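Under PDB author numbering, the residues of the sequence shown are numbered 7 to 146, in order. Even for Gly, the Cβ is constructed at its ideal location relative to N, Cα and C.
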Amino acid sequence: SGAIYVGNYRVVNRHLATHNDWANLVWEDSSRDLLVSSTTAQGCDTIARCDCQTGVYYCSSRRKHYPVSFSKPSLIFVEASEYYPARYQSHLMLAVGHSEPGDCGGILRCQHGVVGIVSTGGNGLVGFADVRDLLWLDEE
Ligand SMILES: Nc1cccc(OCc2ccccc2)c1
Ligand SMILES: [Zn+2]
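Put into structure tokens, the structure is as follows:
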């Protein structure tokens, strides 16, 4: 589980988004596993605007922060899960790391701020849904 709180936006995994997130929907993209919803309160998370390929992510199934190398966001084939059929997920960054289903929402951070959230796992790899291309998260 997990979210980014930037401005009056909540960024979650589309597959973990609640009634209220859907009731307050701003933008959603099945192919990226992202849902942004509106919030009353103002968030403090700064989104990274950069091309960093190193970072730390939080893994609830280990209660551990792991430094990682990750790929640039790409169209990555992701096996069938309890939430999506086997398909290509867009804007996905892979690293060598531990990621179970309930690790989704774990933040990946570089020195610039939030890079994205855990979205995929399996085969000793963790997938991060990039949010750094979403410029509008920082305004309006
Ligand atoms: N590379 C880097 C530099 C500075 C901070 C940073 O934050 C890591 C982190 C903090 C809290 C939750 C999850 C991850 C990563
Ligand atoms: Zn960065």
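Near ligand 2: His97 beta-carbon under 6 angstroms from a heavy atom: no
Within the present structure, is the beta-carbon of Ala54 separated from the nearest heavy atom of ligand 2 by less than 6 angstroms? yes
Short check: CB of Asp35 to CB of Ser67, under 7 angstroms? no
Would the segment 41-56 and the segment 8-22 be scored as touching if the rule is three or more Cβ pairs under 8 angstroms? yes
When you compare each of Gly61, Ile123, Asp139 to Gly112 by their alpha carbons, which one comes out closest? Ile123
Nearest to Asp39 by alpha carbon, out of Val74, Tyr89, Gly61, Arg55? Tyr89
Mapping DSSP to helix, strand and coil, what is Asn30? coil
Can you round the beta-carbon distance between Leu98 and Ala135 to whole angstroms, since I take them to be within the 8 angstroms contact cut? 6 angstroms
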